[PDB]
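K.L.:
This is the structure I have questions about; it appears just below.
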Amino acid sequence: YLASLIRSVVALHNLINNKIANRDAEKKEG
Amino acid sequence: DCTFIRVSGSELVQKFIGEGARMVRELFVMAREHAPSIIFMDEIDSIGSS
Amino acid sequence: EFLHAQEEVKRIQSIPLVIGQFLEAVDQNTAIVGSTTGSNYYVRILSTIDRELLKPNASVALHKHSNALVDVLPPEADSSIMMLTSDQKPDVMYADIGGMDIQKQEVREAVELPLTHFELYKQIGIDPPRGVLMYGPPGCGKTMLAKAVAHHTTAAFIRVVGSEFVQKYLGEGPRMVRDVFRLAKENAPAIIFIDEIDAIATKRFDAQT
Amino acid sequence: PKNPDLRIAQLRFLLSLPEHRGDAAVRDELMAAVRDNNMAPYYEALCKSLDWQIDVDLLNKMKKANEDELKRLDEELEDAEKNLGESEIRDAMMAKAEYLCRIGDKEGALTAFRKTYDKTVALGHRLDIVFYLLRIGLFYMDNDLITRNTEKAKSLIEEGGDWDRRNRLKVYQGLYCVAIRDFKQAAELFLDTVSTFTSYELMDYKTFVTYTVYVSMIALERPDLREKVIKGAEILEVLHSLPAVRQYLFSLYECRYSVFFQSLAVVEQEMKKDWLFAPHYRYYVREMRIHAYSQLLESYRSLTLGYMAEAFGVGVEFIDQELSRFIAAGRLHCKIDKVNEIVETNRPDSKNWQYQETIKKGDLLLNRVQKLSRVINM
Amino acid sequence: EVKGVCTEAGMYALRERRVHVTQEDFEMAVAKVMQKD
Amino acid sequence: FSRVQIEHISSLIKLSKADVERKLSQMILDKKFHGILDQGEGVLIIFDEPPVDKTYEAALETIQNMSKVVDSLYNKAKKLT
Amino acid sequence: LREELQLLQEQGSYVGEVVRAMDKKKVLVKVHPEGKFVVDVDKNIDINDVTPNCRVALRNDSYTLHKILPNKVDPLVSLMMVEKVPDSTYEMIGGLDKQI
Amino acid sequence: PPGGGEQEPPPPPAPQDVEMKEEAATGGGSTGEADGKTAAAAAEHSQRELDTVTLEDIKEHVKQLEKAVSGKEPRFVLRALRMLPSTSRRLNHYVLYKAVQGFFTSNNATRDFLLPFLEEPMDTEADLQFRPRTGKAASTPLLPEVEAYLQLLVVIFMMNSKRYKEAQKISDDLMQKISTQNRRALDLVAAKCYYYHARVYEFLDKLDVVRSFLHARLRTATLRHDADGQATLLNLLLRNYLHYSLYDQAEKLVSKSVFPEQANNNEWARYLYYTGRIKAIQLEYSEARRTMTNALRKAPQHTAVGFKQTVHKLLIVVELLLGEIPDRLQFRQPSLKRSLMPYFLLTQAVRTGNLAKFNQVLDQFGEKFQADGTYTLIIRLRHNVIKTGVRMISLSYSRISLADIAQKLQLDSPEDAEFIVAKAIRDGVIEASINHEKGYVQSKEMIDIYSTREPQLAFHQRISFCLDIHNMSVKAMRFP
Amino acid sequence: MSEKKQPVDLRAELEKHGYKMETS
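Chains as they are written, first to last, in full-length UniProt numbering: chain A, 261 to 290; chain B, 208 to 257; chain C, 71 to 279; chain D, 12 to 389; chain E, 358 to 394; chain F, 342 to 422; chain G, 59 to 158; chain H, 18 to 497; chain I, 1 to 9, 56 to 70.
Rendered as structure tokens:
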């Protein structure tokens, strides 16, 4: 159960923040 | 905005500038570093010090 | 291998680490610090923590060999005394002596509400003073009247004179009084009374002093 | 300067929802219309209520004479600003134009609120302004402007400290929390009870007592319920004056179910005729079902319905269809057996519901991230 | 004297907890700070 | 003793069974007394499974993680329009 | 990190104050807990870049000067000054219209 | 007359600017984008062309008519010309015609002049490099013109744009080489006028001749240009094939593939609404509720207008067949409300276990059921009323006699009373046990289990496969 | 978008609960 909790927390933080800095770097440079 | 200076000064603003002297020359040298400057007598306004 | 390097930098260094007396951070990645032996230094700080916990004034543990800037205390367990003196005793009831009522009139308005309300001083438009005096002994009052409010108001109480914190080394003063402030405001709400402050007011010259 | 128009807004609720009152509601509306010299309010009331016959020159000469009272103030503002003083000029035109805006709609109100916002140096007059937004927000049941004035006032009040007017705001936010559905914040903020006493902005004090005692029976625990009403020294007398709610309080603790729906009938009848309580009674009733039945089943795990039927009058076959149809609606789910004479409660739901919030919340959680994941890029 | 006008007047208003004061409390300290001389 | 008869536990407390059943069940209403009684055979049983802690951690995370994706709704739907 | 953690022990490091500079390129600087030294360039910052009575970082190996920092004298004096009294201004004063 | 006469000049200048520079900056910019980079594609002016086409689809389009500068048709459609250094002279000729249009009447009316105009690019011989520029220069007047619906003599002109698009289709079957980076924009633009194929053919009857023609185009794109091509053509297939029988349910089985990658954006969501009704025709409610919800939830941002409200309408249909539905009156929009007004009381009758409440909804709202198209499940939902009705009362009642429950279960004889609950356990409804004599139905429950294994073990592959895809995205988006 | 798909087209209860008493 805790494993699934870390899965949700790790996926939330990393995926959201990476896509933010990704889409931002592409739309600003392109 | 001219800088402001006072008179003695205790106790420990004295040797903090120099070592020993007439001691007013270093204060007179302070005003050479910053001009215009304002010097003041703090306080000796009283009837009790007489 | 970088995780192994993380095991290195987290192992680095000591255990045991000498804590020292910190003054300011001069610029990026470095700063100036006195040791607990009281000498200002210039060191490039530990990389992963640049600023947030370093602060202008703290006590930073310095590298065994190098005296490198690494980390400060929690802060802190601090050092001397400290406070209590009520739950660990003594305490004496003030209600026996009522002749000082008009002398307590100051302490009445100058203690309880100043501590328990900082907000009322925004509302009134007057700033709370830190000024309190005592004088005259004998008749003494004074120190025993400082034992009084230790009944109700729960805060630090430090017995301190001018001559008890005199040391053989000069730098212990801020190792006390600079710590006294950082131990007070961090353990705040806290109060400190210096009994007989007049010992340190003497005018003197000679470099032995 | 509130209760006269507050009753007008209460008369709007008396006209609007019930269609069976065609006499008293319009009568006292005209009785309150001939005073305070309202103009825009009786226009909305003219479309909702009767069109007469004739008003015309009556209220047009009353708005003409009030215009003379309006033009004596509006032509005194340039004569008052000829001199110079502190607030002795603009404080007259901020309050009386809000009385001139009390003649109608929001215009003079909102324009005076932001007018005097840059003048008054005291929070008492600023909170009086807040009182004007709260009464004009209570008449039009608009909750948009009642949050902003209070959010800006509390920062100045809590800077800060107060006694009376802080309890007044607790009644305000309590009336807003009870305007929408909030069960806990209404009774928690009304815990002051009699310390508010009676005020023109608090309208009838007995109605306020009924407001807090009606809302304290839902989200408040049974030991906390009797701790409020019975242990409360000041609130006990004002709730004792009305036996209707006091009977429901002490019988709810007495657990007798034979007086409940009759006492709830009087409570609900008072709930129907009061404003802003119309959307919230549908859940309030079935909540009192599961409230009283929560202490019915919790007595014994396996309960014999014959012992239940001992003193009911009559609960033999009634509690069967009653409680069942309440179980089918989702209120107090349990498994009860008959001809074995076993009422079995439980249901703890300590296994499914314990781990259910993971997958439940994770369903829409991972769904909402699946949207943003598969949308970009392309 | 001007320093002590509303301070000790505020001190009782402080003790009273009021937000904004009345001239009576100011009139009280009008005596107070002038009681000494 | 968890499982106990109601009549002889009323003999230890020296009280009638009517207000022993209602007071003890009132103690279950207060949640301070973990257990339940049985009226049919006159039994009282105590049982408990205290810890909810893992569900508290779960709910605290995910319920707020709703607002997390709501916060990401601002940025990731801003690049669209 | 380890290299600077290797560099900094065999020497230490300190902070000096230049009281004079030399024609030989050396500089008069104190080791403040102890007696003074006199040490040389220090080829990055030249002699004319810094004036006597200024804060420098005393090097720990050749006992030279590492970096440059500001130093304060009057901020002690002016603080002892500004201890005593504040200023305010015209608007915050009254009755002196004659003597101003 | 003077007001209406002097208000004619103001409108044209806005189309004279934006409609002129929309295909000039995007199309002429795509020329330089198609000369190199050309990575991927990208060709960001293709998505910018989507923004311009969707901009025209609201206001102002072009034609009309409108009697404002109808000389924009011969402008881009002529004068390639011809090789790139010679095209630069024609790039100045657009400004030359801007001055010619700024002097004389500027040919504000074309109409029957489209016949030489549309054939002028074939008179040039040829562009010759960019077929999308030739197809777009001819279609951009004609495609927004389909919104006029005059249905006289200009419908065959839309058919001429379809023939020009067929020349685009033959060139879509040949070059390459090798590596066409303009065929993705051809997939975009042609999918548009393939939906204009749908509209223009729907003016009279079904397009079935174009169903074999679509299958000719959809299969000839296999496997090369299917990417983003097959997705749009499959929706072109599925949409009208959902309107006209048959076999598409088993046809998309062997058609998949998937077909990856999903493009563009909402295209796959609306496809999961189209095939969502398909997979809802098999009636498996877990895949149907997940494909219907994922159809609506995956579609931003609208407007317009009501078909994004239609996917939400038909979404909860399978949730009505599940046996449990919430009351949706709080989700009503100012538009979707007035559209579903009968469907409101329908799902309200699904929540209730009353038979006459649901049957009266059928008899009264049967007209709206004809408008939506969903019928067959309305009569069988009576079995959902007997199963939810027994789920209601059983769990509800302590012990219920088969005669007392017979009112809501409408028969519930002493015989079938066994099967109602027993065959509900076959469907996983209620555990109620019944000893039949008179009889009486005594419903108990003991279950403590599950809520554990599949959710957390799937969450492992869920989160990991997700973050792996988010890797495949971020890791690959760093080309700049 | 505007592209693709979309451009194409027991009571409360008061009286009854109070009546249950006097019914039987």
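Ideal Cβ placement from N, Cα and C applies to all residues, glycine included.
Which residues of the stretch 210-226 of chain D have a Cβ closer than 9 Å to any Cβ of chain I? Give them in chain order.
P.N.:
Interface annotation for the stretch 210-226 of chain D against chain I: empty, criterion Cβ-Cβ distance under 9 Å.
K.L.:
Can you find a C-beta in chain C that's less than 9 Å from the C-beta of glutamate 218/B?
P.N.:
For the purposes of this step, residue 218/B is taken as residue 11 along the second sequence, with counting starting at 1. It does: the Cβ of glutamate 218/B has a partner Cβ on chain C nearer than 9 Å.
K.L.:
Does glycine 171/D have its Cβ less than 9 Å from a Cβ in chain C?
P.N.:
Numbered from its first residue, the fourth sequence carries residue 171/D at position 160. At least one chain C Cβ lies under 9 Å of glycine 171/D.
K.L.:
Please list, in chain order, all residues of the same chain as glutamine 427/H whose beta carbon is under 7 Å from its beta carbon, the five residues on each side excluded.
P.N.:
Sequence index remark: in the eighth sequence, residue 427/H carries index 410 (1-based). Cβ neighbours of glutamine 427/H beyond the five flanking positions: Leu372.
K.L.:
In chain A, which residues lie with their C-beta within 8 Å of the C-beta of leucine 484/H?
P.N.:
Counted from its first residue, the eighth sequence places residue 484/H at position 467. By Cβ distance, chain A contributes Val270, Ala271, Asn274, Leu275.
K.L.:
Classify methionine 368/E as buried or exposed, calling it buried when 16 or more other Cβ atoms lie within 10 Å of its own Cβ.
P.N.:
Start at 1 with the first residue of the fifth sequence, and residue 368/E comes out as number 11. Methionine 368/E is buried by the Cβ-count criterion.
K.L.:
Taking a Cβ distance cut-off of 8 Å, strictly less, list which residues of the stretch 389-403 of chain F are near chain A, in chain order.
P.N.:
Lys395, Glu398, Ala399, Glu402, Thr403
K.L.:
Provide the residue span of the beta strand (DSSP E) that contains residue 70/C, from first to last.
P.N.:
In the structure as shown, chain C begins at 71 and stops at 279. Residue 70/C is therefore absent and cannot be evaluated.
K.L.:
If you pair each beta-carbon of the stretch 279-293 of chain H with each one of the stretch 306-315 of chain H, do three or more pairs fall below 8 Å?
P.N.:
yes
K.L.:
For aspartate 148/C, report the span of its alpha helix (DSSP H) as first-last.
P.N.:
Position 78 of the third sequence, counted from the first residue, corresponds to residue 148/C. Neither: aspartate 148/C is in no alpha helix (DSSP H) and is coded neither H nor E.
K.L.:
Got a sec, what are the start and stop residues for the beta strand (DSSP E) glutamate 301/H sits in?
P.N.:
Along the eighth sequence, one-based indexing puts residue 301/H at 284. Element bounds for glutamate 301/H: n/a, residue is neither H nor E.
K.L.:
Could you have a look at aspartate 155/G and say whether DSSP puts it in helix, strand or coil?
P.N.:
Here residue 155/G corresponds to residue number 97 of the seventh sequence, with the count starting at 1. Reduced to three states, the DSSP call for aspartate 155/G is coil.
K.L.:
Rounded to whole angstroms, what is the Cα-Cα separation between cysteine 210/H and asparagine 199/H?
P.N.:
Here residue 210/H is taken as the residue at index 193 of the eighth sequence, counted from 1. Here residue 199/H is taken as the residue at index 182 of the eighth sequence, counted from 1. Spanning the two alpha carbons is a distance of roughly 17 Å.
K.L.:
Using only the alpha-carbon positions, how far apart do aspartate 144/H and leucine 203/H sit?
P.N.:
Here residue 144/H corresponds to residue number 127 of the eighth sequence, with the count starting at 1. Here residue 203/H corresponds to residue number 186 of the eighth sequence, with the count starting at 1. Rounded to whole angstroms, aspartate 144/H to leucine 203/H spans 16 Å at the Cα level.
K.L.:
Listed in chain order, which residues of the stretch 361-388 of chain D have Cβ atoms closer than 8 Å to some Cβ of chain F?
P.N.:
Those residues of the stretch 361-388 of chain D that come within reach of chain F (Cβ to Cβ, closer than 8 Å) are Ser361, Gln365, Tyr366, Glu368, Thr369, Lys372, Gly373, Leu375, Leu376, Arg379, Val380, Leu383, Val386, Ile387.
K.L.:
In terms of residue numbering, what span does the beta strand (DSSP E) encompassing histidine 242/H cover?
P.N.:
Numbered from its first residue, the eighth sequence carries residue 242/H at position 225. Segment: none, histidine 242/H is in no beta strand (DSSP E) and carries neither H nor E.
K.L.:
From the DSSP output, read off the bridge partner residues of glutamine 91/C.
P.N.:
Numbered from 1 along the third sequence, position 21 holds the residue referred to as residue 91/C. For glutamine 91/C, which the question treats as bridged, DSSP gives the partners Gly104/C, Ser129/C.
K.L.:
Should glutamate 3/I be flagged as near chain H, meaning a C-beta pair shorter than 9 Å?
P.N.:
Position 3 of the ninth sequence, counting from 1, holds the residue named residue 3/I. At least one chain H Cβ lies under 9 Å of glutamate 3/I.
K.L.:
By the criterion of Cβ-Cβ separation under 9 Å, what are the contact partners of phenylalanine 323/D in chain I?
P.N.:
Counting from 1 along the fourth sequence, the entry for residue 323/D is found at position 312. Correct list: empty, because the minimum Cβ distance to chain I is about 10 Å.
K.L.:
Which runs of the alpha helix (DSSP H) at least 4 residues long sit entirely within the stretch 12-61 of chain D? Give them in chain order.
P.N.:
14-27, 35-44, 51-59
K.L.:
May I have the straight-line CA-CA distance separating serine 149/C from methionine 246/C, to the nearest angstrom?
P.N.:
For this step, residue 149/C is matched to residue 79 along the third sequence. For this step, residue 246/C is matched to residue 176 along the third sequence. C-alpha separation (whole angstroms): 8 Å.
K.L.:
For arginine 237/D, collect the residues of the same chain with a Cβ closer than 7 Å to its Cβ; drop the 5 residues on either side in sequence, then sort them by chain order.
P.N.:
Residue mapping note: residue 237/D aligns to position 226 of the fourth sequence, counting from 1. Within the same chain, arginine 237/D has close Cβ partners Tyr264.
K.L.:
Just to confirm, are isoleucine 119/C and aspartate 141/C a CB contact at a threshold of 9 Å?
P.N.:
On the third sequence, residue 119/C is found 49 positions in, with the first residue counted as 1. On the third sequence, residue 141/C is found 71 positions in, with the first residue counted as 1. Yes, the Cβ-Cβ distance between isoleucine 119/C and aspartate 141/C is below 9 Å.
K.L.:
Excluding the five sequence neighbours on either side, which residues of its own chain have a C-beta within less than 8 Å of the C-beta of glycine 172/D, listed in chain order?
P.N.:
As a working note, residue 172/D is residue 161 in the fourth sequence. The answer is none, since no qualifying residue turns up.
K.L.:
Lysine 88/G by DSSP, collapsed to three states: which one?
P.N.:
Counting from 1 along the seventh sequence, the entry for residue 88/G is found at position 30. Reduced to three states, the DSSP call for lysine 88/G is strand.
K.L.:
Relative to the C-alpha of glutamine 387/H, which candidate in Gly370/H, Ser411/H, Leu108/H, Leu357/H has its C-alpha closest?
P.N.:
As a position in the eighth sequence, residue 387/H is number 370, starting the count at 1. For the residues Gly370/H, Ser411/H, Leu108/H, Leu357/H, the minimum Cα distance to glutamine 387/H belongs to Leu357/H.
K.L.:
Which of the three DSSP states is assigned to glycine 74/G in this structure?
P.N.:
Start at 1 with the first residue of the seventh sequence, and residue 74/G comes out as number 16. In this structure, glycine 74/G counts as strand in the three-state DSSP scheme.
K.L.:
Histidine 251/D lies in the beta strand (DSSP E); which residues open and close that run?
P.N.:
The residue given as residue 251/D occupies position 240 in the fourth sequence. No beta strand (DSSP E) contains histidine 251/D, which is instead part of the alpha helix (DSSP H) from 244-251.
K.L.:
Does the pairing of the stretch 202-213 of chain D with the stretch 279-291 of chain D give three or more beta-carbon distances under 8 Å?
P.N.:
no
K.L.:
From the DSSP secondary-structure annotation, give me the bridge partner or partners of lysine 346/D.
P.N.:
On the fourth sequence, residue 346/D is found 335 positions in, with the first residue counted as 1. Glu355/D, per the DSSP bridge assignment.
K.L.:
Can a CB atom of chain L be found closer than 9 Å to the CB of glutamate 182/C?
P.N.:
The chain labelled as chain L is not found among the protein chains of the depicted structure, namely A, B, C, D, E, F, G, H and I.
K.L.:
By the three-class DSSP mapping on this structure, what secondary structure does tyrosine 414/H have?
P.N.:
On the eighth sequence, residue 414/H is found 397 positions in, with the first residue counted as 1. If DSSP states are grouped into helix, strand and coil, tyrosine 414/H belongs with coil.
K.L.:
Whole angstroms are fine: how far does the CA of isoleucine 347/D sit from the CA of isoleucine 353/D?
P.N.:
Along the fourth sequence, one-based indexing puts residue 353/D at 342. Along the fourth sequence, one-based indexing puts residue 347/D at 336. Whole-angstrom Cα-Cα distance: 6 Å.
K.L.:
Among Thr369/D, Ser384/D, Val386/D, which residue has its Cα nearest to the Cα of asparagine 406/F?
P.N.:
Reading the sixth sequence from its first residue, position 65 is the one you call residue 406/F. Ranked by Cα distance from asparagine 406/F, the first of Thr369/D, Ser384/D, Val386/D is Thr369/D.
K.L.:
Going by the beta-carbon positions, is the gap between residue 402/D and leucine 287/D smaller than 9 Å?
P.N.:
This structure cannot settle anything about residue 402/D, because the visible part of chain D is limited to 12 through 389.
K.L.:
With a threshold of 8 Å, are at least 3 pairs of Cβ atoms found where one atom belongs to the stretch 24-33 of chain H and the other to the stretch 141-158 of chain G?
P.N.:
no
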